[PDB]
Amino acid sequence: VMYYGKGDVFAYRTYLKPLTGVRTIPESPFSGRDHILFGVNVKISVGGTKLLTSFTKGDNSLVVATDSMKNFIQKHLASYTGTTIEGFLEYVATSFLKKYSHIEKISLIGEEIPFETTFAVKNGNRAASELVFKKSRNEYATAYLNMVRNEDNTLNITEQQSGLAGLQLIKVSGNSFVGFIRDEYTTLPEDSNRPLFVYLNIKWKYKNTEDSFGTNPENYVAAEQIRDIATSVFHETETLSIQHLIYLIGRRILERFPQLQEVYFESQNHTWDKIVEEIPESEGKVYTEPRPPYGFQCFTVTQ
């Protein structure tokens, strides 16, 4: 392995071109993005056989300083005329390979820094502010891209993936986990009705890489829509396990977006422990945080 790059390249852009013209789905009212505030955290990795002596001999002649990679990314966010993170990564990658002939491969990760609408009273009525935004530490969109230069100096995207990260959902009832293996290692009781709490990281790949850029937005798959499918399916489903649930979520995603080739899930179980089961004259209970061990699942659904 041989590569280097820059991490935590935060870049905030105002008044990016709005994303509109999206194709709707029943599970989501998502209709586009205003892009008054566009925040991204970018990681960049570059490689190439001509970097060897930078390691083996301390020769920096062909080293793009990582500081300069940060400048490159931030400058390109100012000139970017597109409407998605996926498109932004493509802009950066193509530009970077055309600038630096000795680099054979670039890998980029972009993670949305999300903001939420706030409201203000003005002109006699309360309405959404165009100036004040609330920084969110909840779920966010993600994007991944790998580009390579060939022997004839053409460039090819070799892998692309989009995603939604940091989704934390609890369903208070309508979940079971029964029937699992009961042997000398089992102390977990069967539960007919648990408050399943799951962390979801969902990633998806397109059949055609161009649909990820948003140039023809009707073919774009928004993380917001994926979020809304996941919450809807979790609601609709009498879950039998987290495994059971994410398969059904993946199925719904690929049904809604026939342009997707696959969807990949990384889930974690953070369900609370029960303390009070019976509350007189009430259907409530009390739960508390569990010990640190968490179950997890990794699963791909293919079109």
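Whichever C-alpha set is largest while still superposing within 1.5 Å between the two forms counts as the rigid core. For every residue, the number given is its place in the sequence shown, counted from 1.
Of the stretches 144-152 and 165-173, which sits farther from where it is here in 7 other deposited structures of this protein, on average over its Cα atoms, after fitting the core?
After the core superposition, the stretch with higher RMS deviation in 7 other deposited structures of this protein is 144-152.
Between 124-132 and 187-195, which has its CA atoms farther from the current form in 7 other deposited structures of this protein, using a rigid core superposition?
This comes out as 124-132, the stretch further from the shown form in 7 other deposited structures of this protein.
At least a third of the other compared entries leaving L16 unmodelled, is that the case?
Negative; every one of those entries includes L16.
Other compared entries: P290 unbuilt in at least a third?
No, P290 is modelled in every other compared entry.
If you average the Cα B factors in the entry, which is higher, 274-282 or 233-241?
It is 274-282.
Averaged over C-alpha atoms, is the B-factor higher for 136-144 or for 152-160 in this PDB entry?
Between 136-144 and 152-160, it is 152-160.
Which listed residue, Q168, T94, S107, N125, has the largest C-alpha temperature factor in the record?
Of the candidates given, the C-alpha B-factor peaks at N125.
From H102, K205, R227, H76, pick the one with the largest CA B-factor in the entry?
In this record, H102 carries the highest C-alpha B-factor of the candidates.
Can you tell me whether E27 has a C-alpha B-factor in the lowest, middle or highest third compared with the other modelled residues of the same chain?
Ranked within chain, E27 CA B lands in the middle tercile.
Taking the values exactly as deposited, rank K43 by C-alpha B-factor within its chain and report the matching third: lowest, middle or highest.
According to the entry, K43 has a C-alpha B-factor in the chain's lowest third.
Going by what the PDB entry lists, where does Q268 fall on CA B-factor within its chain: lowest, middle or highest third?
As the PDB entry reports it, the C-alpha B-factor of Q268 lands in the lowest third of its chain.
In terms of the CA temperature factor given in the entry, to which third of its chain does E111 belong: lowest, middle or highest?
It belongs to the middle third of the chain when residues are ordered by C-alpha B-factor.
Divide the modelled residues of the chain into thirds by Cα B-factor and specify which third, lowest, middle or highest, holds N71.
According to the entry, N71 has a C-alpha B-factor in the chain's lowest third.
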